[PDB]
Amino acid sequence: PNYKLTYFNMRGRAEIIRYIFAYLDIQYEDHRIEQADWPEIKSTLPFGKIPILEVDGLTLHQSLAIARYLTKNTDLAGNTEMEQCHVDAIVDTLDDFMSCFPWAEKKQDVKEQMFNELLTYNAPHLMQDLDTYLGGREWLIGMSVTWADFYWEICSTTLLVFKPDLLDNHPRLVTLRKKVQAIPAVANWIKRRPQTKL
């Protein structure tokens, strides 16, 4: 079908969807809006948030709901219902953390303090839990790559911008990142995608 992804000109929450389209070799319109155009767009969306994915004109929302929709019946989903649950759980654990950052905090005072606290205190704890969860395994779930591995690489890439030494004590997590980045379709997207901070 005809796919149209709408988001800001950032990797952000739309990147997981972009990785899936690239991996599955699916053509889509990568619509990146300008902040000045958001207000009008927002008023037309059922829940006023992006990303959204239009499939033949029908609008879908929530980045992870869309990602799950696109990976169902593909080799990125998980090989059993239980493994699919593990994929979803890891994705939500990562998303829970990313969602904790108060980008909308009214007071720039508290906002700055919270970011530093999450990066210096919480981040290291999560990295340790993920490292232990992965153990000596090749991928986070099963014996093959899943979109949970994609989300790990995506989330860690942005966190590394704020805290470069995040994975100094976890080489196995770095290796996993490199494995995802080395996947042909993914590597090709990473090299051609717009270069943005977030």
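Heads up: residue numbers just count along the shown sequence, starting at 1.
Two stretches are in play, 10-18 and 185-193, and the higher mean C-alpha B-factor belongs to 185-193. Relative to one another, 101-109 and 73-81 have unequal mean CA B-factors, and 101-109 is the one with the higher figure. Residue-level inspection of the entry shows that, of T59, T158, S144, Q27, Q27 has the top Cα B-factor. Ranking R68, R172, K49, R32 by Cα temperature factor from the entry places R32 first. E153: CA B factor lies in the lowest third for its chain, per the PDB record. Remark: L119 belongs to the highest third of its chain, ranked by C-alpha B-factor as recorded.
Ranked within its chain, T132 lands in the middle third, by CA B factor from the PDB record. In the PDB entry, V55 places in the middle third of its chain by CA B-factor. Remark: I41 belongs to the highest third of its chain, ranked by C-alpha B-factor as recorded.
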